Amino acid sequence: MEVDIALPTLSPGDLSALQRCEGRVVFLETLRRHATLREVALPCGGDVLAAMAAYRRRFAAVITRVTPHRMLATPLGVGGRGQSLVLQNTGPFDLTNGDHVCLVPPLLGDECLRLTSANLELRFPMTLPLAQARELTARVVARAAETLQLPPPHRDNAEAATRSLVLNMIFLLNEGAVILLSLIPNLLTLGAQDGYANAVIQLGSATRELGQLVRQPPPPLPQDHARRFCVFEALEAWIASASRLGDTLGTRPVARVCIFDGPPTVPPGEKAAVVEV
Amino acid sequence: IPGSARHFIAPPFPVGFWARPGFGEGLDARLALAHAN
Amino acid sequence: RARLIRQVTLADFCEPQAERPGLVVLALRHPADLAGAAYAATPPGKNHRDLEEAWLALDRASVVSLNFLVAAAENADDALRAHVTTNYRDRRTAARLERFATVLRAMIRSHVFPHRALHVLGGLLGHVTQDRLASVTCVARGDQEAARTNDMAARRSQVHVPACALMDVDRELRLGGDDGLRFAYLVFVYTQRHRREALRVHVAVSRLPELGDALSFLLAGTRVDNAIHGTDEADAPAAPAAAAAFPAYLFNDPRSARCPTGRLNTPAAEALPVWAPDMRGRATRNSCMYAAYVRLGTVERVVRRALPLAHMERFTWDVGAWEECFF
């Protein structure tokens, strides 16, 4: 399948600039074979959180060729998991070999392709390595949680993000979680006997400031503790929930980059091959 | 909310318009015996 | 082309001569490890050997056709029960369906959910049968009609789903959308009330790549009445002590009792406030589990046409991993 984005008439000026958008990604809504430019069109900058929320409801599609009339595309992942393609790195970072990529809405605005004839604009999202897209999502969500190179939020849908966070954080508290919480001093006293252990516990860890303020009695034994053991399913719940935490807030990884001939690191504004997962 | 469960049917008119219950029967049982005697 | 799977098995639950090709089949876990994991998985208060008994009451057999499983649930239209009963050749079949119902109802009661007991294979196309021993063959990737059935009346096939269970979503949620290429999801619906519980099955199609909030709203009544009646039979203690209130006023107190590490056994550190987070009988996550889904593939069209059925259109088999739906 290859989506056919049709174009209205354009002034000879902006068509040439659109021609240089050979690797940026768009966001359709329905996956028909035919489509018109007016359909995929995002408003100007604003609401990084709402936009990030609106990237999981629609699916992506990268484009490969711009004739003076039509516009080829590629439905990113619906049935392909080895479909090699190319997309231009439009983020502020570099992306070395092997690391996965993720779609994140733009920053600061001012990165928007405006077409005079169609009277429309497009906001091609940037592509960051997963390891930093996670951190950016964390930062934006943390700042959103404070209204109970930075744009201010709206409080309209920031509450939805805080809700999605507090849900997963509440459902982590279980009857074995208290058991595991009981050993915080019994863990600190280990963190001062070895170097590695000390480095595993950060400085602003918000729990080192607990092991010095509060004392807790031994926890009460569960209802019928002799038959089942609670700490294990507590830890299993934690593993499963943390495996898909960032997904619930940010965006899933969409492709891992791999190059055979060219140099590994690719600078920004440069087209780099990729396989999708 | 769920389950196709039953609902408590409330008074249609506002709450102020359905009387506090009572029982009015001036027929007294004792003095009736005294008159029949 | 597409690639297939062959699994020899018993003619217990999926009976490839009784149905014609083109219907999804499921793989059933070995029951020994289910019965074992129960021993540690059933919650407090409830029974801890009732799944053992429920299984022993049904006596390798590995596959189960969805056409068979949908019958042994709450939701079903009795026409399909009649079809499965009178159209399956096999002996003692209705009794087995009853026992299987009891098995699944025990599974949810013991907090070992059937979605952790039924991986999904593709749609069967072929089979050779001895006396009560079959070898079904189903697709696993690619589109269904890349195969080649040995019927010689209809070489290719389609995918058939009992229309009684097919729940559409978009036209249901009224997204105002326009039908293009839509995904396909097989979803389970749990409900937990001790000795009064059941399981509902559905097959959902939509353009929504992430179900999540969509089911959370679709199954609102189930989640509601499941979060409150789910903790039942668990002895909760009396009113929680005031010491349970985790003190927050003490974090950025410049003047407060303090204790450096390395002097925490029983020193003159008795002055620290006590806090006993005590959580015994509250709603855990497995208590609020109400649904589970798994992606099946992509679909063009659904038409309804005959026993009622629902013929797919250009189904592309792409099986995904399971998913929880509790929040």
# chains A, B, ... in the order shown; residues from 1 in each chain; ligands from 1

$ residues_around --residues "stretch 256-269 of chain A" --least-positions-apart "2" --cutoff "6 Å" --atoms "only C-alpha atoms" --output "ChimeraX atom specification"
/A:89-90,94,96-100,274-275

$ residues_around --residues "residue B:2" --least-positions-apart "6" --cutoff "9 Å" --atoms "only C-alpha atoms" --output "ChimeraX atom specification"
/C:219-225

$ closest_atom_pairs --of "chain B" --to "chain C" --cutoff "9 Å" --atoms "only C-alpha atoms" --output "tab-separated table"
residue	atom	partner	partner_atom	distance
B:1	CA	C:221	CA	5.7
B:2	CA	C:221	CA	3.3
B:3	CA	C:221	CA	6.0
B:4	CA	C:221	CA	8.7

$ select_by_dssp --residues "stretch 4-169 of chain A" --states "alpha helix (DSSP H)" --output "number ranges by chain"
A: 12-18, 48-53, 130-144, 158-169

$ atom_distance --atom1 "atom CA of residue C:54" --atom2 "atom CA of residue C:102"
6.7 Å

$ interface_residues --of "chain C" --to "chain A" --cutoff "7 Å" --atoms "only C-alpha atoms" --output "list in words"
residues 40, 44, 180, 181, 208, 209, 258, 259, 260, 261, 262, 272, 273, 274, 275, 276, 277, 279, 280, 284, 285 and 327 of chain C
